There are 2 protein chains.
Amino acid sequence: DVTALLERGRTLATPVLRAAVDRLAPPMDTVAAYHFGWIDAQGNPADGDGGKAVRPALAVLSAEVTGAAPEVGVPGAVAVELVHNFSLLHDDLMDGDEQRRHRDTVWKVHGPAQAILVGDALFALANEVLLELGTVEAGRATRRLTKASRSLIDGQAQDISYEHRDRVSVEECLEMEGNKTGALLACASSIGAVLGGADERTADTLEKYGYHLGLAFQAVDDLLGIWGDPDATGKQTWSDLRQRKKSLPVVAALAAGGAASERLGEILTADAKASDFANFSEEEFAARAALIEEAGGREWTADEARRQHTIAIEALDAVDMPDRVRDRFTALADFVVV
Amino acid sequence: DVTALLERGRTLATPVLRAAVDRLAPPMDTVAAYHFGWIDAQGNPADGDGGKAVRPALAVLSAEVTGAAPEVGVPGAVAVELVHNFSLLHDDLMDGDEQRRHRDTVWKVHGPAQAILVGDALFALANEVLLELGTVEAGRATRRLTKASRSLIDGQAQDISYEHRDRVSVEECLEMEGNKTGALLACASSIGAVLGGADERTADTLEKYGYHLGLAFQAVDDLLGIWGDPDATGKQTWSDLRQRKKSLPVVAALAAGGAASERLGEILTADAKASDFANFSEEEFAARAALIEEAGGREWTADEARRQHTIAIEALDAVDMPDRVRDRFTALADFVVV
């Protein structure tokens with residue numbers, strides 16, 4: 001039933017989102033289609049697009065908490081996906097990332113201007129998709145979307161603010177990751193319910209579930225970014241270390257102290273100015289991973305994942321909810337860890 | 001009482017907007033402050049910032065239509081100004097404009113990434129400033145903001161879509177200018193009223209007033225962009241022609257036909273590829289202005305301004321409204337033409 005829910009969310013939300021995207025004024029409809037993988041760089045149809053469906057599955061589930069049909073949360077799932085993709089379009093341009101899922105980013109193919117524009121258009125469309133309903137529930141749901149969107153912007157500001165720092169604290173990484181990943185999962189977890197009429201207290205609680213689920217998810221993402229096998233990830237070995245990310249394992253290792261921690265600090269500071277960084281081998285990236293593990297970085301991040309999972313699942317206990325729905329929310333939380 | 005209303009809108013909205021902007025996470029608060037002219041390129045305080053105050057004046061006026069206090073429309077005026085400035089930040093980057101009001105643009109000073117980021121932050125803050133209220137009026141007011149924001153994005157898409165075209169039709173220019181200027185004035189004209197409890201029919205009508213006022217405003221802006229005196233505009237002689245804009249006079253002249261129109265077509269097509277465009281003199285820009293006038297471009301645009309003014313002011317007649325407020329709305333409409 002685990003992959004049944006992810007299927008359920010994808011099949012409900014994708015056609016509604018695709019139809020809303022095709023309605024954008026030219027060239028924004030085609031440029032967005034490229035972003036979403038429906039067409040290629042010269043505008044001919046393509047596939048290899050469908051990523052993960054955690055957020056949509058969550059939003060349709062969120063509606064069932066009040067007893068409403070899954071479809072009631074579909075506007076919520078569409079809006080969340082739209083804001084998500086607005087964030088990607090702009091973040092990729094800001095970060096200078098030429099690639100995402102082994103495909104050229106919109107800014108590389110269609111120019112920076114069109115990446116900014118379509119990004120803006122998706123963010124405005126998300127608010128439209130909710131407010132179109134004209135109801136009080138829809139206004140409150142947009143309020144939740146806005147909080148999450150302001151948060152993602154904050155997380156990106158934090159990212160930019162730390163990009164030249166030789167070290168970032170654990171606390172700084174946590175609040176950044178909460179903004180980046182947690183806030184939108186919190187919104188996805190509570191938006192369907194808000195659309196189904198739930199009061200301000202029921203919703204916040206579901207937000208607390210989603211936020212802490214988000215942190216558990218990002219902690220696991222950080223573990224897989226370094227130690228993940230190419231046959232499961234699709235990415236290169238030690239992919240996050242090739243991009244010099246300061247993920248939780250990296251940061252936790254730096255904050256530790258001791259010979260492993262101290263030496264990793266010297267190396268990562270040296271790596272930032274390193275003229276031959278582009279020549280680095282797998283083994284050199286392995287050495288840095290091995291040092292993060294010795295400093296207790298990996299272990300600390302697995303324990304954080306486990307802790308956050310628990311805080312999430314223990315927040316579900318606090319909300320009055322049909323027990324079939326609670327079971328479904330519980331199973332997504334376990335899927336999030338691997 | 002004309003400049004009394006513009007003062008009224010500026011003094012009510014500016015401190016509320018400034019306080020909301022200062023609350024943004026670093027570096028977004030300072031980068032926004034630079035955008036707004038409160039600090040200079042090295043972060044020390046500055047002035048020369050306060051531009052025009054038509055939109056805020058309009059939004060506080062809009063609230064009075066229902067009988068509410070001006071202050072009720074202040075969230076509406078702040079949100080409109082925020083969306084406006086999000087639009088500038090992003091449009092300037094997309095257009096590659098290094099300057100605005102004789103000051104370096106944010107992207108030139110602080111980088112493209114921070115222009116995108118602060119732009120996004122202002123757009124998310126605008127929705128927050130309204131939805132914070134938690135009321136049904138506030139949800140409906142955000143709905144109006146969203147329509148206007150989707151429209152400005154559309155207008156910018158149109159701008160990009162026509163940027164290499166040797167000719168643009170009159171109709172294409174009108175719908176672009178309606179998106180660019182009209183939509184947000186429509187929103188400013190109706191948002192205070194929506195915040196004061198007005199029904200869906202009263203609001204649309206005020207929107208029709210604001211939209212057509214916007215077109216009249218942009219037509220006059222287009223006349224001043226070419227024939228405006230440097231002692232009133234602050235800009236160089238024939239400033240819009242130095243930037244090769246396809247404003248309404250330019251476009252109306254091209255659509256005319258006849259020897260003036262045909263020759264202007266050849267010249268503007270030639271000017272686009274011209275290796276020595278940077279060397280063009282005042283007199284050459286005067287010749288092109290003189291040709292637009294001969295083709296009936298100037299006259300047509302003054303008649304459009306007059307027509308749009310009339311459609312706006314005649315839309316005010318359709319709405320039940322205190323006659324002191326109607327008089328105030330009428331006087332702004334006359335100020336818009338010069």
# chains A, B, ... in the order shown; residues from 1 in each chain; ligands from 1
$ residues_around --residues "residue A:310" --least-positions-apart "6" --cutoff "12 Å" --atoms "only C-alpha atoms" --output "number ranges by chain"
A: 208-210, 212-213, 215-216, 303-304, 316-317, 330, 333-334, 337
$ residues_around --residues "residue B:278" --least-positions-apart "5" --cutoff "12 Å" --atoms "only C-alpha atoms" --output "ChimeraX atom specification"
/B:242-244,271-273,284-285
$ residues_around --residues "residue B:332" --least-positions-apart "4" --cutoff "9 Å" --atoms "only C-alpha atoms" --output "tab-separated table (two decimals) with N, CA, C and O atoms, in the first residue's frame"
chain	number	residue	atom	x	y	z
B	2	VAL	N	-5.18	67.57	-4.80
B	2	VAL	CA	-4.60	66.59	-5.72
B	2	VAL	C	-3.33	65.97	-5.13
B	2	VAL	O	-3.23	64.75	-5.00
B	5	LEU	N	-3.74	63.94	-1.63
B	5	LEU	CA	-4.06	62.52	-1.68
B	5	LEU	C	-2.81	61.65	-1.91
B	5	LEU	O	-2.69	60.58	-1.31
B	6	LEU	N	-1.91	62.12	-2.77
B	6	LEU	CA	-0.65	61.43	-3.05
B	6	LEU	C	0.24	61.38	-1.81
B	6	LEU	O	0.89	60.37	-1.54
B	54	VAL	N	0.78	57.10	-6.83
B	54	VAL	CA	-0.56	56.93	-7.40
B	54	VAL	C	-1.26	55.70	-6.84
B	54	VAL	O	-2.38	55.81	-6.32
B	57	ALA	N	-2.20	55.90	-2.93
B	57	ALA	CA	-3.31	56.86	-2.83
B	57	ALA	C	-4.62	56.23	-3.29
B	57	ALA	O	-5.66	56.42	-2.68
B	58	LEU	N	-4.55	55.45	-4.37
B	58	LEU	CA	-5.70	54.80	-4.95
B	58	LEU	C	-6.28	53.75	-4.00
B	58	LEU	O	-7.49	53.70	-3.79
B	327	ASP	N	-15.45	62.04	-6.37
B	327	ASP	CA	-14.73	63.27	-6.74
B	327	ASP	C	-13.22	63.10	-6.63
B	327	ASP	O	-12.46	63.60	-7.47
B	328	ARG	N	-12.78	62.38	-5.59
B	328	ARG	CA	-11.36	62.13	-5.37
B	328	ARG	C	-10.79	61.18	-6.43
B	328	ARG	O	-9.69	61.40	-6.94
B	336	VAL	N	-3.38	61.99	-13.88
B	336	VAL	CA	-2.72	60.97	-14.69
B	336	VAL	C	-2.37	61.45	-16.11
B	336	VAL	O	-1.34	61.04	-16.67
$ closest_atom_pairs --of "chain A" --to "chain B" --cutoff "8 Å" --atoms "only C-alpha atoms" --output "tab-separated table"
residue	atom	partner	partner_atom	distance
A:25	CA	B:154	CA	6.4
A:26	CA	B:157	CA	7.2
A:27	CA	B:157	CA	7.1
A:28	CA	B:157	CA	7.3
A:90	CA	B:116	CA	7.2
A:93	CA	B:113	CA	7.4
A:94	CA	B:113	CA	4.6
A:95	CA	B:113	CA	7.8
A:112	CA	B:94	CA	7.4
A:113	CA	B:94	CA	4.6
A:114	CA	B:94	CA	7.9
A:116	CA	B:90	CA	7.2
A:117	CA	B:153	CA	6.8
A:120	CA	B:153	CA	7.1
A:121	CA	B:153	CA	6.3
A:124	CA	B:150	CA	5.8
A:125	CA	B:150	CA	7.2
A:127	CA	B:146	CA	6.8
A:128	CA	B:146	CA	6.4
A:131	CA	B:143	CA	5.7
A:132	CA	B:143	CA	7.5
A:134	CA	B:140	CA	7.3
A:136	CA	B:136	CA	6.1
A:138	CA	B:139	CA	7.9
A:139	CA	B:139	CA	4.8
A:140	CA	B:134	CA	7.3
A:142	CA	B:131	CA	7.8
A:143	CA	B:131	CA	5.7
A:146	CA	B:124	CA	6.2
A:147	CA	B:128	CA	7.6
A:149	CA	B:124	CA	6.8
A:150	CA	B:124	CA	5.8
A:153	CA	B:121	CA	6.3
A:154	CA	B:25	CA	6.4
A:156	CA	B:117	CA	7.8
A:157	CA	B:27	CA	7.1
A:158	CA	B:26	CA	7.9
A:161	CA	B:27	CA	7.2
$ closest_residue --among "A:59, A:17, A:174, A:325" --to "residue A:222" --atoms "only C-alpha atoms"
A:174
$ calpha_fit_and_write --fixed "chain A" --moving "chain B" --output "CSV table (one decimal) with C-alpha atoms, in the first residue's frame"
chain,number,residue,atom,x,y,z
B,1,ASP,CA,0.0,0.0,0.0
B,2,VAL,CA,3.1,2.1,0.3
B,3,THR,CA,3.7,2.6,-3.5
B,4,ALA,CA,-0.1,2.6,-3.9
B,5,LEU,CA,-0.4,6.0,-2.2
B,6,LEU,CA,2.5,7.5,-4.2
B,7,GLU,CA,0.7,6.4,-7.3
B,8,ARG,CA,-2.5,7.8,-6.0
B,9,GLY,CA,-1.0,11.2,-5.5
B,10,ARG,CA,0.9,11.3,-8.8
B,11,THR,CA,-2.1,10.2,-10.9
B,12,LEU,CA,-4.5,12.7,-9.2
B,13,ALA,CA,-2.2,15.8,-9.3
B,14,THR,CA,-0.1,15.5,-12.5
B,15,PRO,CA,-3.0,15.9,-15.1
B,16,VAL,CA,-4.4,18.9,-13.2
B,17,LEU,CA,-0.9,20.5,-13.0
B,18,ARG,CA,-0.1,19.7,-16.6
B,19,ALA,CA,-3.4,21.3,-17.8
B,20,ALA,CA,-2.7,24.4,-15.7
B,21,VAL,CA,0.8,24.7,-17.1
B,22,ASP,CA,-0.3,24.3,-20.7
B,23,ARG,CA,-2.6,27.3,-20.2
B,24,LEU,CA,0.3,29.8,-19.5
B,25,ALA,CA,1.0,32.5,-22.1
B,26,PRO,CA,3.7,31.6,-24.8
B,27,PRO,CA,6.6,30.9,-24.4
B,28,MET,CA,6.0,30.1,-20.7
B,29,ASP,CA,3.9,27.0,-21.4
B,30,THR,CA,6.7,25.4,-23.5
B,31,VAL,CA,9.5,26.5,-21.3
B,32,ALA,CA,7.7,25.0,-18.3
B,33,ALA,CA,7.0,21.9,-20.3
B,34,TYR,CA,10.8,21.6,-20.8
B,35,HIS,CA,11.3,22.1,-17.0
B,36,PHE,CA,8.8,19.3,-16.3
B,37,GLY,CA,10.4,17.0,-18.9
B,38,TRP,CA,7.4,16.7,-21.2
B,39,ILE,CA,9.4,18.2,-24.2
B,40,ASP,CA,13.1,18.3,-24.9
B,41,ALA,CA,15.5,21.2,-25.8
B,42,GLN,CA,14.2,21.6,-29.4
B,43,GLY,CA,10.6,21.3,-28.3
B,44,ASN,CA,9.9,17.7,-29.3
B,45,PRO,CA,8.2,15.3,-26.8
B,46,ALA,CA,10.3,13.5,-24.2
B,47,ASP,CA,10.2,11.2,-21.1
B,48,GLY,CA,12.2,10.3,-18.0
B,49,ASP,CA,10.5,13.0,-16.0
B,50,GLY,CA,8.4,11.5,-13.1
B,51,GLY,CA,10.4,11.9,-10.0
B,52,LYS,CA,9.0,11.3,-6.5
B,53,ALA,CA,5.5,11.8,-5.4
B,54,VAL,CA,5.7,12.3,-1.6
B,55,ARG,CA,4.2,15.8,-1.4
B,56,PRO,CA,1.1,15.1,-3.6
B,57,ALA,CA,0.4,11.8,-1.8
B,58,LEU,CA,0.6,13.7,1.5
B,59,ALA,CA,-1.8,16.4,0.4
B,60,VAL,CA,-4.5,14.1,-0.7
B,61,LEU,CA,-4.0,12.1,2.5
B,62,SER,CA,-4.3,15.4,4.4
B,63,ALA,CA,-7.9,15.9,3.1
B,64,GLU,CA,-9.0,12.5,4.4
B,65,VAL,CA,-8.2,13.6,8.0
B,66,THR,CA,-11.4,15.6,8.0
B,67,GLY,CA,-13.3,12.8,6.2
B,68,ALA,CA,-13.3,14.5,2.8
B,69,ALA,CA,-12.5,12.8,-0.5
B,70,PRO,CA,-8.9,12.7,-1.7
B,71,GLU,CA,-9.8,15.0,-4.6
B,72,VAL,CA,-10.5,17.9,-2.2
B,73,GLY,CA,-6.8,18.1,-1.5
B,74,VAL,CA,-5.8,18.1,-5.2
B,75,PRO,CA,-5.7,21.9,-5.4
B,76,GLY,CA,-3.4,21.7,-2.4
B,77,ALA,CA,-1.1,19.1,-4.0
B,78,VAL,CA,-1.0,21.1,-7.3
B,79,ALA,CA,-0.1,24.4,-5.5
B,80,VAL,CA,2.6,22.6,-3.5
B,81,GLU,CA,4.1,21.1,-6.6
B,82,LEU,CA,4.0,24.5,-8.4
B,83,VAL,CA,5.8,26.3,-5.6
B,84,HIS,CA,8.3,23.5,-5.4
B,85,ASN,CA,9.1,23.9,-9.1
B,86,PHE,CA,9.3,27.7,-8.9
B,87,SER,CA,11.8,27.1,-6.2
B,88,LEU,CA,13.9,24.8,-8.4
B,89,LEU,CA,13.8,27.1,-11.5
B,90,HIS,CA,15.1,30.0,-9.4
B,91,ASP,CA,17.5,28.1,-7.1
B,92,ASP,CA,19.2,26.4,-10.1
B,93,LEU,CA,19.8,29.8,-11.7
B,94,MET,CA,21.0,31.3,-8.5
B,95,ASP,CA,23.3,28.4,-7.8
B,96,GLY,CA,24.6,28.2,-11.4
B,97,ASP,CA,23.7,24.6,-11.7
B,98,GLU,CA,23.8,23.6,-15.4
B,99,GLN,CA,22.1,20.3,-14.8
B,100,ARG,CA,19.2,18.6,-12.8
B,101,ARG,CA,18.4,14.9,-13.1
B,102,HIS,CA,21.1,14.6,-15.8
B,103,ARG,CA,19.2,17.1,-18.0
B,104,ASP,CA,20.1,20.7,-18.8
B,105,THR,CA,18.4,23.2,-16.6
B,106,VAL,CA,15.9,25.8,-18.0
B,107,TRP,CA,18.4,28.7,-17.7
B,108,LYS,CA,21.0,26.8,-19.8
B,109,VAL,CA,18.6,25.9,-22.5
B,110,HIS,CA,16.2,28.9,-22.7
B,111,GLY,CA,18.2,31.7,-20.9
B,112,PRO,CA,18.2,33.2,-17.4
B,113,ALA,CA,15.3,35.6,-18.3
B,114,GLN,CA,12.9,32.8,-19.1
B,115,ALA,CA,13.9,30.8,-16.0
B,116,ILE,CA,13.0,33.8,-13.8
B,117,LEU,CA,9.8,34.4,-15.7
B,118,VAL,CA,8.4,30.9,-15.7
B,119,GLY,CA,9.5,30.6,-12.1
B,120,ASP,CA,7.4,33.7,-11.2
B,121,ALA,CA,4.5,32.4,-13.3
B,122,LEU,CA,4.4,29.0,-11.4
B,123,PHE,CA,4.4,30.8,-8.1
B,124,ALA,CA,1.6,33.1,-9.1
B,125,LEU,CA,-0.3,30.1,-10.6
B,126,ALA,CA,-0.1,28.2,-7.3
B,127,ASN,CA,-1.9,31.0,-5.4
B,128,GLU,CA,-4.4,31.1,-8.2
B,129,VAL,CA,-5.1,27.3,-8.1
B,130,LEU,CA,-6.1,27.7,-4.4
B,131,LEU,CA,-7.9,31.1,-4.5
B,132,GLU,CA,-9.9,30.2,-7.6
B,133,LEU,CA,-12.1,28.2,-5.2
B,134,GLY,CA,-13.4,31.4,-3.6
B,135,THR,CA,-14.0,29.7,-0.2
B,136,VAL,CA,-12.7,30.5,3.4
B,137,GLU,CA,-10.8,27.2,3.4
B,138,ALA,CA,-9.0,28.2,0.3
B,139,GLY,CA,-7.9,31.5,1.8
B,140,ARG,CA,-6.5,29.7,4.9
B,141,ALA,CA,-4.8,27.1,2.6
B,142,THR,CA,-3.1,30.0,0.7
B,143,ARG,CA,-1.9,31.4,4.1
B,144,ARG,CA,-0.2,28.1,4.7
B,145,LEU,CA,1.3,28.0,1.2
B,146,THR,CA,2.7,31.6,1.8
B,147,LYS,CA,4.4,30.6,5.1
B,148,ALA,CA,6.1,27.7,3.4
B,149,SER,CA,7.1,29.8,0.4
B,150,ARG,CA,8.5,32.6,2.5
B,151,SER,CA,10.4,29.8,4.3
B,152,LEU,CA,11.9,28.3,1.2
B,153,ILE,CA,13.1,31.8,0.1
B,154,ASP,CA,14.6,32.1,3.7
B,155,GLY,CA,16.4,28.8,3.2
B,156,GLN,CA,17.8,29.9,-0.1
B,157,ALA,CA,18.9,33.2,1.5
B,158,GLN,CA,20.7,31.2,4.2
B,159,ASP,CA,22.3,29.0,1.5
B,160,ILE,CA,23.7,32.1,-0.3
B,161,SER,CA,24.7,33.7,3.1
B,162,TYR,CA,26.8,30.6,3.9
B,163,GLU,CA,28.2,29.8,0.4
B,164,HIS,CA,31.8,31.2,1.2
B,165,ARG,CA,31.9,30.1,4.8
B,166,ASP,CA,34.6,27.5,5.7
B,167,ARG,CA,32.3,26.2,8.4
B,168,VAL,CA,28.6,26.3,9.2
B,169,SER,CA,27.2,25.3,12.6
B,170,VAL,CA,24.9,22.3,13.2
B,171,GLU,CA,22.1,24.7,14.3
B,172,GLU,CA,22.5,26.8,11.1
B,173,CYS,CA,22.3,23.7,9.0
B,174,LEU,CA,19.2,22.5,10.8
B,175,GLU,CA,17.2,25.7,10.4
B,176,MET,CA,18.3,25.9,6.7
B,177,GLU,CA,17.2,22.3,6.1
B,178,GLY,CA,13.9,23.0,7.9
B,179,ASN,CA,13.3,26.0,5.7
B,180,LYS,CA,14.4,24.1,2.5
B,181,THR,CA,12.7,20.9,3.0
B,182,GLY,CA,10.7,20.9,6.1
B,183,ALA,CA,8.5,23.8,5.5
B,184,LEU,CA,7.0,22.5,2.3
B,185,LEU,CA,6.4,19.0,3.6
B,186,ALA,CA,4.7,20.7,6.6
B,187,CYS,CA,2.5,22.5,4.1
B,188,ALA,CA,1.8,19.4,2.1
B,189,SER,CA,0.9,17.5,5.2
B,190,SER,CA,-1.7,20.1,6.4
B,191,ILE,CA,-3.1,21.7,3.2
B,192,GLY,CA,-5.7,19.1,2.2
B,193,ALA,CA,-7.0,19.2,5.8
B,194,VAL,CA,-7.4,23.0,5.7
B,195,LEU,CA,-9.2,22.5,2.3
B,196,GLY,CA,-11.5,20.0,4.0
B,197,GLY,CA,-12.5,22.4,6.8
B,198,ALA,CA,-10.1,21.5,9.7
B,199,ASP,CA,-9.6,24.1,12.5
B,200,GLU,CA,-6.4,26.1,13.1
B,201,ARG,CA,-5.2,23.7,15.8
B,202,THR,CA,-5.6,20.5,13.9
B,203,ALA,CA,-3.7,22.0,11.0
B,204,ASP,CA,-0.7,23.2,13.0
B,205,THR,CA,-0.3,19.8,14.4
B,206,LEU,CA,-0.2,18.2,10.9
B,207,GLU,CA,2.3,20.9,10.0
B,208,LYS,CA,4.5,19.8,13.0
B,209,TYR,CA,4.3,16.2,11.6
B,210,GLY,CA,5.2,17.3,8.1
B,211,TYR,CA,8.1,19.6,9.2
B,212,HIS,CA,9.7,16.9,11.3
B,213,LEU,CA,9.1,14.4,8.6
B,214,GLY,CA,10.9,16.9,6.3
B,215,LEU,CA,14.0,17.0,8.5
B,216,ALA,CA,14.1,13.2,8.7
B,217,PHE,CA,13.8,13.1,5.0
B,218,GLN,CA,16.6,15.7,4.4
B,219,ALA,CA,18.9,13.9,6.9
B,220,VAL,CA,18.4,10.6,5.0
B,221,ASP,CA,18.9,12.6,1.7
B,222,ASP,CA,22.2,13.9,3.2
B,223,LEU,CA,23.3,10.3,4.0
B,224,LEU,CA,22.4,9.1,0.5
B,225,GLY,CA,24.1,12.2,-1.1
B,226,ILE,CA,27.5,10.9,0.3
B,227,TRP,CA,27.2,7.1,0.9
B,228,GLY,CA,24.6,6.2,-1.7
B,229,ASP,CA,25.1,3.5,-4.3
B,230,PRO,CA,25.0,4.8,-8.0
B,231,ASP,CA,22.6,1.9,-8.7
B,232,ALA,CA,20.0,3.3,-6.3
B,233,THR,CA,20.7,7.0,-6.5
B,234,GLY,CA,21.4,7.6,-10.2
B,235,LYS,CA,24.1,10.0,-9.1
B,236,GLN,CA,27.9,9.6,-9.1
B,237,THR,CA,29.8,8.2,-6.0
B,238,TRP,CA,30.0,10.8,-3.2
B,239,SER,CA,27.9,13.2,-5.3
B,240,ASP,CA,27.3,15.8,-2.6
B,241,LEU,CA,31.1,15.9,-1.8
B,242,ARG,CA,31.8,16.6,-5.5
B,243,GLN,CA,29.5,19.6,-5.2
B,244,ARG,CA,31.0,20.7,-1.8
B,245,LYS,CA,27.7,20.7,0.0
B,246,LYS,CA,27.7,21.4,3.7
B,247,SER,CA,25.1,18.7,4.5
B,248,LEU,CA,24.4,17.5,8.0
B,249,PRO,CA,27.0,14.8,8.1
B,250,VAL,CA,29.7,17.2,6.9
B,251,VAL,CA,28.7,19.9,9.4
B,252,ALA,CA,28.2,17.4,12.3
B,253,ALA,CA,31.7,16.1,11.6
B,254,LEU,CA,33.2,19.7,11.7
B,255,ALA,CA,31.5,20.6,14.9
B,256,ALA,CA,32.8,17.4,16.6
B,257,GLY,CA,36.4,18.3,17.5
B,258,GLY,CA,39.2,15.7,17.6
B,259,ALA,CA,41.8,14.7,15.0
B,260,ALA,CA,39.3,13.5,12.4
B,261,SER,CA,37.2,16.7,12.7
B,262,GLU,CA,40.2,19.1,12.8
B,263,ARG,CA,41.8,17.5,9.7
B,264,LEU,CA,38.5,17.5,7.8
B,265,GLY,CA,38.3,21.3,8.5
B,266,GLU,CA,41.7,21.9,7.1
B,267,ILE,CA,41.0,19.9,3.9
B,268,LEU,CA,37.5,21.4,3.2
B,269,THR,CA,39.0,24.9,3.6
B,270,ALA,CA,41.8,23.9,1.2
B,271,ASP,CA,39.3,22.2,-1.2
B,272,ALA,CA,37.4,25.5,-1.6
B,273,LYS,CA,40.5,27.3,-3.1
B,274,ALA,CA,41.9,24.2,-4.8
B,275,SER,CA,43.1,24.9,-8.4
B,276,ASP,CA,42.8,21.2,-9.3
B,277,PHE,CA,39.4,20.4,-7.7
B,278,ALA,CA,38.1,19.4,-11.1
B,279,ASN,CA,40.8,16.7,-11.2
B,280,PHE,CA,39.8,15.1,-7.8
B,281,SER,CA,39.4,11.3,-7.8
B,282,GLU,CA,36.8,9.0,-6.3
B,283,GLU,CA,39.4,7.9,-3.7
B,284,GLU,CA,39.9,11.5,-2.5
B,285,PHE,CA,36.2,11.9,-2.1
B,286,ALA,CA,36.1,8.5,-0.3
B,287,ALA,CA,38.9,9.8,2.1
B,288,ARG,CA,36.7,12.8,3.0
B,289,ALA,CA,33.7,10.5,3.6
B,290,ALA,CA,35.8,8.2,5.7
B,291,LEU,CA,36.9,11.2,7.8
B,292,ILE,CA,33.3,12.4,8.3
B,293,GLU,CA,32.4,8.9,9.5
B,294,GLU,CA,35.4,8.9,11.9
B,295,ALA,CA,34.4,12.2,13.3
B,296,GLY,CA,30.9,10.8,14.0
B,297,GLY,CA,29.2,12.7,11.2
B,298,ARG,CA,27.3,9.8,9.6
B,299,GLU,CA,26.1,8.3,12.9
B,300,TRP,CA,25.0,11.7,14.2
B,301,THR,CA,22.9,12.2,11.1
B,302,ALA,CA,21.3,8.7,11.2
B,303,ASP,CA,20.4,9.4,14.8
B,304,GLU,CA,18.9,12.8,13.8
B,305,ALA,CA,16.8,11.0,11.1
B,306,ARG,CA,15.5,8.5,13.7
B,307,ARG,CA,14.8,11.3,16.2
B,308,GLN,CA,12.9,13.4,13.7
B,309,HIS,CA,10.9,10.5,12.4
B,310,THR,CA,9.8,9.9,16.1
B,311,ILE,CA,8.9,13.6,16.7
B,312,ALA,CA,6.8,13.5,13.4
B,313,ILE,CA,5.0,10.2,14.2
B,314,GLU,CA,4.5,11.3,17.8
B,315,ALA,CA,2.8,14.5,16.5
B,316,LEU,CA,0.2,12.4,14.6
B,317,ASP,CA,-0.8,10.9,18.0
B,318,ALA,CA,-2.0,14.4,19.1
B,319,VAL,CA,-4.6,14.8,16.3
B,320,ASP,CA,-8.1,13.3,16.2
B,321,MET,CA,-8.2,11.5,12.9
B,322,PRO,CA,-9.6,8.3,11.3
B,323,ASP,CA,-7.3,5.4,12.2
B,324,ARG,CA,-7.0,4.3,8.5
B,325,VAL,CA,-5.6,7.7,7.6
B,326,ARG,CA,-3.2,7.8,10.6
B,327,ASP,CA,-1.9,4.4,9.5
B,328,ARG,CA,-1.3,5.8,6.0
B,329,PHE,CA,0.5,8.9,7.4
B,330,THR,CA,2.7,6.5,9.6
B,331,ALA,CA,3.7,4.4,6.5
B,332,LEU,CA,4.9,7.4,4.5
B,333,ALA,CA,7.1,8.4,7.4
B,334,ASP,CA,8.8,4.9,7.4
B,335,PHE,CA,9.2,5.1,3.5
B,336,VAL,CA,11.0,8.4,4.0
B,337,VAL,CA,13.9,6.6,5.8
B,338,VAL,CA,15.9,4.0,3.9
$ select_by_dssp --residues "stretch 27-242 of chain B" --states "strand (DSSP E or B)" --output "ChimeraX atom specification"
/B:39,45,99-100,103-104
$ write_last_selection --atoms "N, CA and C atoms" --output "CSV table (one decimal), in the first residue's frame"
chain,number,residue,atom,x,y,z
B,39,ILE,N,19.4,52.9,1.5
B,39,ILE,CA,20.9,52.8,1.7
B,39,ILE,C,21.5,52.7,0.3
B,45,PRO,N,23.4,55.0,4.6
B,45,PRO,CA,22.1,55.6,4.3
B,45,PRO,C,22.1,56.6,3.1
B,99,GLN,N,20.6,50.3,-14.9
B,99,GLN,CA,20.2,51.5,-14.2
B,99,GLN,C,18.7,51.7,-14.1
B,100,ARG,N,18.2,52.3,-13.0
B,100,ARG,CA,16.8,52.7,-12.8
B,100,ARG,C,16.8,53.9,-11.9
B,103,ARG,N,20.3,55.4,-10.8
B,103,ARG,CA,21.0,54.6,-9.8
B,103,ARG,C,21.1,53.1,-10.3
B,104,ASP,N,22.3,52.5,-10.0
B,104,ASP,CA,22.5,51.1,-10.4
B,104,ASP,C,21.4,50.2,-9.9
$ decode --residues "stretch 82-96 of chain B" --atoms "C-alpha atoms" --output "PDB file, in the first residue's frame"
ATOM      1  CA  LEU B  82       5.522  45.003  -2.942  1.00  0.00           C
ATOM      2  CA  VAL B  83       4.310  43.189  -6.086  1.00  0.00           C
ATOM      3  CA  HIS B  84       5.228  46.293  -8.085  1.00  0.00           C
ATOM      4  CA  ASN B  85       8.790  46.185  -6.772  1.00  0.00           C
ATOM      5  CA  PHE B  86       9.122  42.397  -7.222  1.00  0.00           C
ATOM      6  CA  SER B  87       8.208  43.086 -10.817  1.00  0.00           C
ATOM      7  CA  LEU B  88      10.909  45.789 -11.137  1.00  0.00           C
ATOM      8  CA  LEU B  89      13.670  43.696  -9.554  1.00  0.00           C
ATOM      9  CA  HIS B  90      13.018  40.782 -11.896  1.00  0.00           C
ATOM     10  CA  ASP B  91      12.172  42.811 -15.024  1.00  0.00           C
ATOM     11  CA  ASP B  92      15.399  44.838 -14.693  1.00  0.00           C
ATOM     12  CA  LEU B  93      17.440  41.652 -14.506  1.00  0.00           C
ATOM     13  CA  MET B  94      15.566  40.040 -17.403  1.00  0.00           C
ATOM     14  CA  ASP B  95      15.977  43.214 -19.508  1.00  0.00           C
ATOM     15  CA  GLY B  96      19.645  43.675 -18.601  1.00  0.00           C
TER      16      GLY B  96
END
